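Peer 1: Sharing a structure here in structure tokens format.
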Amino acid sequence: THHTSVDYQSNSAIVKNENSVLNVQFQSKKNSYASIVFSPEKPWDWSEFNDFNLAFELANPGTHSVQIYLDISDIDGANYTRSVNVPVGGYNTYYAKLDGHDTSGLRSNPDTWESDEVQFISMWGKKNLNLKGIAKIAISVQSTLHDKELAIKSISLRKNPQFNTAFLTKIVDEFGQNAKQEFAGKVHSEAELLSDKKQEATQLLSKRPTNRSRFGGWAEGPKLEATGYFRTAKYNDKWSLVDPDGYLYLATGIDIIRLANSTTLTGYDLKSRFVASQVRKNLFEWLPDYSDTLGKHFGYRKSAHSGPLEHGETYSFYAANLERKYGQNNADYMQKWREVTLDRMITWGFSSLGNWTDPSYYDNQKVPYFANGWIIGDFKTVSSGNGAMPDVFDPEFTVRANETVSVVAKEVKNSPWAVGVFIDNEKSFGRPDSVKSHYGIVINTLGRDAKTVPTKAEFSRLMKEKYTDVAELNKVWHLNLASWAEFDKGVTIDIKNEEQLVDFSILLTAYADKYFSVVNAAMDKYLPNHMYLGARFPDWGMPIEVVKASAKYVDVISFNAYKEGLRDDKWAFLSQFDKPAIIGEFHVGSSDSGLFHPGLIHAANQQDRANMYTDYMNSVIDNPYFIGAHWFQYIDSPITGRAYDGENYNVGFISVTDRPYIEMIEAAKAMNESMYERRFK
Amino acid sequence: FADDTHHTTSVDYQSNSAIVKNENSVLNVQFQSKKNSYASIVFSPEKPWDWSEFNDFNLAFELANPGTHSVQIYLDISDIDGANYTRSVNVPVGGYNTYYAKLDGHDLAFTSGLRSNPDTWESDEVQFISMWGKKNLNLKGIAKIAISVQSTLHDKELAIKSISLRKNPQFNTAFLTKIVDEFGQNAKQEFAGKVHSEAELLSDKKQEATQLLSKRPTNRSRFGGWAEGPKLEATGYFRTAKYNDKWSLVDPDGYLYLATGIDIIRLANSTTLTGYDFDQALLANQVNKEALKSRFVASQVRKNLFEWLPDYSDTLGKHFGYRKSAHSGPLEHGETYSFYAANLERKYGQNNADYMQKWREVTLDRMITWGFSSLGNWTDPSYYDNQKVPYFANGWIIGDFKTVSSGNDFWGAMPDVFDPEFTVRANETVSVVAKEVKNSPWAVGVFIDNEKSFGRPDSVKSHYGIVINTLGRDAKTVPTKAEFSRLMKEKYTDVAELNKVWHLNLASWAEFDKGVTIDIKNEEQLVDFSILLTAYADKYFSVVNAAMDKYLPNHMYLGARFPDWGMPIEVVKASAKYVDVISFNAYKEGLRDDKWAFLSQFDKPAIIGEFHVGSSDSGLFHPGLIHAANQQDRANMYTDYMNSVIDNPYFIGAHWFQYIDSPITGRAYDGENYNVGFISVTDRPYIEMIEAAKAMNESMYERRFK
């Protein structure tokens, strides 16, 4: 229907008409965004159809798999983003449901009918689009390290096949696996678990090899000063860490070495137990009684979002498999899991345990670890206009900051094994997408009472410093304020004024400076010998003012970047600070895991997954500012979604049945082996 | 561009070990290929298709695969005359693609010297690989189109959306023009692992060096055996034994041992015809000074394949050679070049370093690192003195002894093994091997000869050809016939009794001795045919065994590498009485139980001499004999094949053919241009293959014996 002829344009992509087939060469090596956009004469009207799907006949004659983004926009202005991986090879059909069929508490659901076809993964945006007027349909590739290609043979709208009413019925086995689907590494019997443990014990290393120091550093590199703690240095023209014995060190590893995130909502909410959600309940074949052995794995989630529950009861199939696998005959399965986990990292060559490692691990003297704290309190707050952020100028913020960091110190006990502390994570500092996005904190704060809003009170001060008289501001901001007292009370800014931006930038820096000074001070008080690794900025939300402010205080600037790699264009700005950086989170996933959601970055298969992993880690290693990266996370998200937000991604280095993804492991081992020599030699 | 639909339109079909259901308008075919070594769907009309009226056209199939494994289909088209031709292609798991076979026009109308040519037009479709048969079929009468699945380990599936005849697109006249780059790579196509600059070679070497091991891991014995397994009598030589009700080898130190590794660890088969030649009279392996002066273009088509050849004065000019005997191409002889050897000197020969010695060293280390227990057949004798990786040795028995024939010229000549000169030449061959091996414990064993034309057990004529043809000859001048006369007289006393059994009217034994034309339809004689064929093979193996007993007494004799398509039971039986290990070549997806059950007759250990899987994503124009969807599938199919070797209680190992990909423009001898390499022409190991090999070799002892 839509193509077999339709008008289109391209953005950093050569399009050739070879037969009926659009060959798209995405110029994605050079350009961080590349696309072919399908725009008709008059905005498509699909009012006349119901219960239907948009289908693409896609091949990939390239030499890398392509994660394509499907963007469908309105005459109305709303947009929804979908994504899928197109493997190197011939044609498959990719479809997206636009109306009907599918609430379940899963970020991505099973298909609503059986096929050999591939459904796009729903990512973000406004789902319920305006079918009456569809402006554009864009296929884009974003933030790759390689040119990508796509062959489009046909685009069409199709009537959805017959609904499967049991698509959410017993999709989980008693092991937490995809019940209805076979997949690589699927456990069929409990005896497989016991058999795994025995086999794995054979291959597991105990100690670091002789080409690694005891702290996991470069035993054959230079020998810098031994401070007895992890620290930063420059060797040649590249940033490095230094281990406590003065060997060079780069941070590789895995986050969430803990069970806190491996639980899923059962649908129940002890003598007052009730089914709060029938749909949740029916997902799983097996859920034990509280009097059962494996009933030990029942938890409760106070707060839950994006699902048919705001609270309720949880179960952890991974923790259950741990008991099954390591807790034979009353054995301390937790302790055994920790010992296996430590050995795995040695064996895989990981130099550290990542963020959100369980305090259980902190007194270990085998593998280094990263510690963390969240700053929570009843202190006053500001808003990015949309996320609630700390009023960093409230004295109550320093009070809680100190207690937060103090807590961590007691966990760490001044151990050289602690590489450093993360404080907070992806705070809502603002997104530099527009004025409103960039300076939401400033804009929202400026219309609040200086008398009651400490952050605003500092804004007042700084602006008095620069402007002296309020009439002189009235010029630049193009406003008609009466007095510094009215300003102090609250100002509604002119969204379109450009001259005030220079000031907004002062105010955002000022807010950020206080944030990072407070936390830096707290670290000085409680863990003075340890590095402070920042606040883990998301690459989608890292205003330059916030980064700049952090550079004065942190030992290492942390970012999370869920991309195919660290592109030169994207990270060039780091050269203005000359500071070392770490990636707190990254991952690749694939649907061949039997999960319903590959995650944020998509590969063709486990082997592609590992190869893309290698490409990302190579980009980290070859970047002169970056000193490491941590994989998110250790364990696959539960197939029915983690209890907090329904996230059900293939993010695990191991599956729910405590089986390492083999291909990932071998990429990991390779990468860790050659990392020091690649960077420095 | 479509001429005519065959299925979209219905046509009559029959199935064979295959369930076909017409779900919607598609034929979904479930080949029952796990249980049945041949499964098929056969499309046949009431009257033979007449396609005479078409020219410059192709036959096209729109195919998906809803199964869990990729499927190599065989496409056989047969005509009214009983001629047949076989094409093959891999259909990956997934949706619909077009697979086509040109029936007329373009390159068909190879003189290229490539077993399989580049496509004659660029497309989003997949050309079938021409395999074998009578290609020039009668398009007046196409009797049947067969799609089959052959010797798999798994059930395969196929979805057929349409079959059609179509006009060929515009002929790309430049399809054989500059298809090779200076590295011997596919110039026009981008492929995974393609080298773009010489610097990448040096880059490659540095990186691989840090990853190469130079010594066996702790869990492997010095001779590559099972360090943690039982310890048996150490004889100081490789030998056979049983453990846990399964055949094994035993290394010199007494540890259990299975043979894994790769064939053709040498340069001899990495050369391709350049299209140049010389004044034949000036020829006395690079040509001499006087002959070089008469260099001329003998094949324009060959010359134009290449973007670059060096000049003889260039450093890389030393990689020119010469081939005295070539077939299946435009040249019967001519200049060759070795892009692989050129790459070795580029990679390892900087600053006049000993590039060959370094290649040998990296090769040994690669085998260690990849976990292979051995170097396979046709290892360059350069390696024989190595004390790091065990190796298989070989000889060919060649000479001017008398010969016998199958009665089919394409099958080839066979030694008259009752000719005393055959024994002289056997002895002399084995003696040469003995001087190369120098009694080294590192030599696992000796293969003598390879895929001799003993017969194919699929028709009486094919099976007993040597017997039939020899019976027709004179005892006076044909030793094998003199032996056949002896055995029949021993059995029948009087000719009259044989005349009865064979349904003949021979006047005298003197007639029999002079020459008999047997009755091809007579069945009673087949017991005698079996006796005669056994007797032939028995003397063959007895002679070789006695040679081995003289010169290499301490070392295993590994037989003569029978092809799985041509292994008469009589010959296998004869061999079992002499060899330490029975060797076979088997280019299939695996060792099927049904194919190899016969081994229980002899309770001997067996070895696979050669097997391979190839894929088109290597950038070569021919995936080979067994086809995968891509490099990853290729590795997975490798793994399955090796699992079937490891799981088989008679087999003690298998060798992969071969180390290096064949030249993209054909090996000089016969134009074979397959993706058979563990490594590419630029000395880059195929990463997926290496990873699968490492895992396989790691687990083999445990999997087989624990």
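Where a number appears in this text, it was derived from the coordinates with a stated rule and is not lab data. Every residue, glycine as well, gets a Cβ built from its backbone with ideal geometry; the counts of neighbours run over all protein chains shown.
Peer 1: I'd like the Karplus ³J(HN,Hα) series for segment B:54-71: coefficients 6.51, -1.76, 1.60, θ = phi - 60°, whole numbers in Hz, and an x wherever there's a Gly or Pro.
Peer 2: Result, ordered by residue: 9, 9, 6, 9, 9, 9, 10, 10, 9, 9, 10, 9, x, x, 9, 10, 4, 10 Hz.
Peer 1: Can you give me the Cα centroid spacing of segment B:405-442 and segment B:572-618 in angstrom?
Peer 2: When both Cα centres are located, 22 Å separates them.
Peer 1: Shifting gears a bit: Residues in segment B:310-350 near a label at residue B:280, defined as backbone nitrogen under 13 Å from the 7 Å Cα→Cβ point?
Peer 2: Correct set: B:324-326, B:331-334.
Peer 1: Also: What trypsin sites (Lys or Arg not before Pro) does segment B:444-520 have in DSSP loop regions with at most 12 other beta carbons within 10 Å?
Peer 2: Numbers: sites: B:452, B:461, B:473, B:476, B:481, B:486, B:489, B:491, B:500, B:514; in loops: B:452, B:473, B:476.
Filter output for segment B:444-520: B:476.
Peer 1: Can you run phi through the Karplus equation (6.51, -1.76, 1.60; θ = phi - 60°) for segment B:119-132 and list ³J(HN,Hα) in whole Hz, with x for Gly and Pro?
Peer 2: Result, rounded to whole Hz: 3, 8, 8, 8, 7, 8, 10, 10, 7, 4, 8, 5, 9, 5.
Peer 1: Which distance in nm do the two modelled labels at residue B:3 and residue B:135 give, with both placed 7 Å along the Cα-to-Cβ direction?
Peer 2: So the two model labels end up 1.8 nm from each other.
Peer 1: Of the cross-linked pairs A:234/A:436; A:153/B:156; A:186/A:271, which ones have a Cα-Cα span greater than 32 Å in the structure shown? Working shown, then result.
Peer 2: Working: A:234/A:436 39 Å; A:153/B:156 27 Å; A:186/A:271 36 Å.
Long pairs (Cα-Cα over 32 Å): A:234/A:436; A:186/A:271.
Peer 1: With each pseudo-label sitting 7 Å past Cα toward Cβ, what's the residue B:352-residue A:575 distance in nm, one decimal?
Peer 2: Calculated label separation equals 4.3 nm.
Peer 1: Non-local amide H neighbours of residue B:94 (under 5 Å, H modeled in plane, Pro and chain starts lacking H): which ones?
Peer 2: The list, which skips near neighbours in sequence, is B:65, B:67.
Peer 1: Would you compute, from DSSP H runs of 4+ residues alone, the mean residue ellipticity of the protein assembly as shown at 222 nm, taking -39500 (n - 2.57) per run and dividing by the full residue count, rounded to the nearest 500?
Peer 2: Value at 222 nm, helices only: -7500 deg cm²/dmol.
Peer 1: Let me ask you something else. For B:132, B:247, which order do you get if you count the other beta carbons within 10 Å of each Cβ and list the fewest first? Write out the running numbers ahead of the final one.
Peer 2: On the way: B:132 10, B:247 23.
Ascending Cβ contact count within 10 Å gives the list B:132, B:247.
Peer 1: I've got another one for you. Mind listing the phi-derived Karplus ³J(HN,Hα) values for segment B:464-469, rounded to whole Hz, using 6.51, -1.76 and 1.60 with θ = phi - 60°, and x for any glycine or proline?
Peer 2: My calculation for segment B:464-469 gives 10, x, 4, 5, 3, 4 Hz in order.
Peer 1: Okay, next question. In terms of modelled amide H atoms, which long-range or inter-chain residues lie less than 5 Å from the amide H of residue B:228?
Peer 2: none
Peer 1: Hey, can you grab everything whose amide H is under 5 Å from the amide H of residue B:582? Only 5+ residues off in sequence or another chain; H modelled, so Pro and N-termini drop out.
Peer 2: For residue B:582, the qualifying residues are B:606, B:607.
Peer 1: When A:65, B:123, A:505, B:197 are ordered from fewest to most other Cβ atoms inside 10 Å of their Cβ, what list results? Working shown, then result.
Peer 2: On the way: A:65 22, B:123 13, A:505 17, B:197 9.
Going from sparsest to densest Cβ surroundings: B:197, B:123, A:505, A:65.
Peer 1: Let me ask something else. Residue A:464: which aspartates and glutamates have alpha carbons under 12 Å from its alpha carbon, excluding same-chain residues fewer than 8 sequence positions away?
Peer 2: A:472, A:488, A:503
Peer 1: Further, regarding this structure: Would you please name the chymotrypsin sites (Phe, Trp or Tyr not before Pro) within segment B:392-424 that are DSSP coil residues with at most 15 other C-beta atoms within 10 Å of their C-beta? Intermediate values should be presented prior to the final figure.
Peer 2: Numbers: sites: B:392, B:396, B:401, B:410, B:411, B:418, B:422; in loops: B:396, B:401, B:410, B:411, B:418.
Listed in order of number, the matching sites are B:396, B:410.
Peer 1: With a 10 Å Cβ neighbour count serving as the proxy for reagent exposure, in which order, fewest first, do B:206, B:34 appear?
Peer 2: Values: B:206 10, B:34 14.
Listing B:206, B:34 from fewest to most nearby Cβ atoms yields B:206, B:34.
Peer 1: Could you grab the relative contact order for segment B:383-521? Cα pairs under 8 Å, six or more apart, rounded to a whole percent.
Peer 2: Numbers: 197 pairs, mean separation 35.4, N = 139.
With pairs under 8 Å counted, the relative contact order is 25 percent.
Peer 1: I'd like the GluC sites (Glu not before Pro) in segment B:19-104 restricted to DSSP loop residues with at most 11 other Cβ atoms within 10 Å, sorted by number. Don't skip to the end; give the middle numbers.
Peer 2: Numbers: sites: B:23, B:46, B:53, B:62; in loops: B:46, B:53.
Qualifying residues, ordered by number: B:46, B:53.
Peer 1: Rounded, prolate or oblate: which fits segment A:1-167 when a ≥ b ≥ c are the square roots of the eigenvalues of the alpha-carbon gyration tensor, with rounded for a/c under 1.5 and prolate only if a/b beats b/c?
Peer 2: Verdict is prolate for segment A:1-167.
Peer 1: Which distance in Å, rounded to a whole number, links the C-alpha centroids of segment B:300-358 and segment A:219-235?
Peer 2: Segment B:300-358 and segment A:219-235 have Cα centres spaced 50 Å from each other.
Peer 1: Efficiency by 1/(1 + (r/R0)^6): what FRET value for residue B:109 and residue A:169, r their Cβ-Cβ distance, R0 = 60 Å, to the nearest 0.05? Could you put the intermediate results ahead of the total?
Peer 2: Details: r = 60 Å, r/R0 = 1.01.
It comes out at approximately 0.50.
Peer 1: At 7 Å along the Cα-to-beta-carbon direction for both residue B:520 and residue A:383, put a label point, then send me their distance in nm to one decimal.
Peer 2: That separation, rounded to one decimal, is 9.6 nm.
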